[PDB]
Structure formats: C-alpha cells, structure tokens
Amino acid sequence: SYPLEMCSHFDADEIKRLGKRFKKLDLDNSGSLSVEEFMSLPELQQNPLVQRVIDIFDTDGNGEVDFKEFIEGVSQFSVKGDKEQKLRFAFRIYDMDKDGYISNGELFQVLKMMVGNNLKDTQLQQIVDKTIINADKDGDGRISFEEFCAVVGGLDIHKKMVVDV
C-alpha cells in the first residue's frame, strides 16, 4: 500500500528491473540496502570509492540506501542523463559534507582514498593546496561546483558515467 514517489529518468519497465536487483541485494529483506549488503559483492570489495557512492546515494543520511534512493542514485548514470548531472555526481564524490563546496581537507581525504601511499602526505597536501589555489576563483578557499566544472568540463568524463539498466 501507498505508491512510492521518486525522480528518475527511468521508465516503468526499467524501474521494475531495478526493483528486482534491489531485492537480490537486499539480503535481510529490510527494504534498505546496507553497506555490508553492498560489500557482499567481491567486485566491490576491491574499489576505493564504494563508501562515497553509498553516501551520495544515501540522501536522508540514515546510513542505508532505500529503494527510492537506489533508483535516484542509479538515475545519475542513466544514458538519458545530462552532462551537468554526471559532473554534479562527480563533484559530490569530493564534497563529503554535502555543503556544495569541496574543501581542502575533503579534497585531501577523497584523493587520499584513491592515491593511498603513492604520495607522501606532504606531497599530496602541496598539490591539493595548489589545485585549490588555481581553481578557487572566488578567494573563499574552497571549490564551488562552478569552479570545479571550469576545471574538468572539457574532460568529458561524464560520457563514461553511463550504465545500462
């Protein structure tokens, strides 16, 4: 009982398919996917950005991804999605506190999740300082989505942020 409201690029059929996968992933059949339910896939255990994706997906901040959240997060990757939506999603991978701005510490930590120990922290810290310095066209010492986009838009990485449902 009670319809579920959601915003997505998907049609009835696709939503029904996604619902099936959502069910297979929902181990404790709780109707909300958990980090551990996510980490149950071995392909994901060897991927540094799983917790960033789950967190971005987990829009109500309760720590799990409900069906509405699952569909809306997967929608960012629809082939029907626009360049901005995909870059916004990339932007949120760095924007840990969801304030709409990538800070120095947020930038260090997310990069640190990916570089690991191929860079000493001093080195990693210096390239984060200079990257922000050059991109921070407002002097607020943090990177807005606009400044972020000015830097990466030409890269067309959004063309690769597409999955099939």
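Residue numbers here begin at 1 and follow the sequence given. So that the term is clear: the rigid core is the largest set of C-alpha atoms that superpose within 1.5 Å between two forms.
For 63 to 71 versus 113 to 121, the mean Cα distance to the shown form in 8 other deposited structures of this protein after rigid core alignment is larger for 113 to 121.
Set 27 to 35 against 97 to 105 and average the Cα temperature factors; 27 to 35 ends up higher. Note on 38 to 46 vs 61 to 69: mean CA B-factor is higher in 38 to 46. Listed residues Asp129, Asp140, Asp55, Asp121 were ranked by CA B-factor as deposited; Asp140 comes out on top. Of the residues listed, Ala150, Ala12, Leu155, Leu18, the entry assigns the biggest Cα temperature factor to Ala150. Per the deposited record, the Cα B-factor of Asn117 falls in the highest third when ranked against the other modelled residues of its chain.
The deposited CA B-factor of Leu87 belongs to the middle third of values across its chain.
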